[PDB]
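Next up: just one chain, as structure tokens, the form deposited without the partner chain.
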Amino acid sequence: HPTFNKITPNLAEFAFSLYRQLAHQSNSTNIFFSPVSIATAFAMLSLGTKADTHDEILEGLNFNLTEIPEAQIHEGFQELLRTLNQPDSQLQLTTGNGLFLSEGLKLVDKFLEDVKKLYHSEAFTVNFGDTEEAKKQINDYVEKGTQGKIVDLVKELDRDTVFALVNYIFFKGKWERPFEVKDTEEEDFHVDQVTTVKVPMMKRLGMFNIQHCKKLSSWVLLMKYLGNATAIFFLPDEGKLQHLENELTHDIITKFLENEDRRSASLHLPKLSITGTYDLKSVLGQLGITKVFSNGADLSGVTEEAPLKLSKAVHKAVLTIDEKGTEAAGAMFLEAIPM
């Protein structure tokens, strides 16, 4: 019956596909994103797009237009968002879509009720002639929404900004099988072949959802949060890291996700704080999303007054995992200007 799982795949793949790009960049640095956050923003962006430029969005997100109709995509997206923004009693998970428009712009009323209904978006009128106050006004939304966890999303706002699209996501959960804190104890992590960093290592010995697949060449752990979520970790065999990344596929994940078999082991894993803060532009370029970002962009969907364009597509996420669960957050920032 449902809509999500009709798209869930396409997300999945996209995400992996996206990841593989980020990997190519540095082999030397943490990576964290929210494939959702990035993705819904571009989707409700595409709402106001026509021809080649709309097509490369939807498509670049791994959607195959012949196979699945346009209008269904959003119907999809509509659902996924609803579903997420339900109250899990034990788990807390939220997202939000915001539009911030300059006072002068007259929009295509359609497009407006479109984002208002399908992506349940929120609408704000601003003056982009007070760049520092506009800049604030946004950074609070994201601060409010991600409850403080992301606070400097927009570092430089362009003086001629005609509008911005923003979306956030916030995640706070707890393990089922939470670590005991008496246990946590500093060990080595072997980053590189010559770099060794001392880390707080949390520990339990007990019955875990863990296994090893010679396919992936890895160990795999699944770690349920209380509620409708789960963490998966993949420890690649020595030398097999790049392999691991290449093999990963959504249907493979789903296999793991059906399995509920426990095995006993002695588990050691770090406690973590990283962030990722990205300029998505070249990256979605590789993924063949060029035209919006260019002088060939078509956003007649949004307004008739002038030819706009995407100048900045900027994402940042933060994650913290400890003995008691995880808190994690992301947001996407999109700015449009005239030619």
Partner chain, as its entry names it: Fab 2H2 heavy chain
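Note that the rigid core is defined as the largest set of C-alphas that superpose within 1.5 Å between two forms. Numbering follows the first chain given and starts at 1.
**Student:** Kindly name the stretch, out of 264 to 272 and 164 to 172, whose CA atoms are displaced more from this form in 5 other deposited structures of this protein after the core superposition?
**Tutor:** Comparing 164 to 172 with 264 to 272, the one that moves more in 5 other deposited structures of this protein is 164 to 172.
**Student:** Say the other structures are aligned on the rigid core; which stretch then has the higher CA RMS in 5 other deposited structures of this protein, 179 to 187 or 108 to 116?
**Tutor:** Once the core is superposed, the stretch further away in 5 other deposited structures of this protein is 108 to 116.
The following text describes the form deposited with the partner chain bound, which does not appear among the structures shown.
**Student:** Would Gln72 show up as a contact with the partner chain in the deposited complex if we use heavy atoms at 4.5 Å?
**Tutor:** No - in the deposited complex, heavy atoms of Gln72 and the partner chain never come within 4.5 Å of each other.
**Student:** Looking at the partner-bound form in the deposited complex, is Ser282 within 4.5 Å of the partner chain by any heavy atom?
**Tutor:** Judged by the heavy-atom cut-off of 4.5 Å, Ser282 is well away from the partner chain in the deposited complex.
**Student:** Since only the chain is shown here, I'm wondering whether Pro178 would be in contact with the partner chain in the deposited complex (any heavy atom pair within 4.5 Å).
**Tutor:** Taking the distances in the deposited complex, the answer for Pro178 is no, it never comes within 4.5 Å of the partner chain.
**Student:** Could you confirm whether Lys198 comes within 4.5 Å of the partner chain in the deposited complex, counting heavy atoms only?
**Tutor:** Output for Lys198 is yes: heavy atoms within 4.5 Å of the partner chain.
**Student:** Could you list which residues of 232 to 246 come within 4.5 Å of the partner chain in the deposited complex, counting heavy atoms only?
**Tutor:** Nothing in this stretch is in contact.
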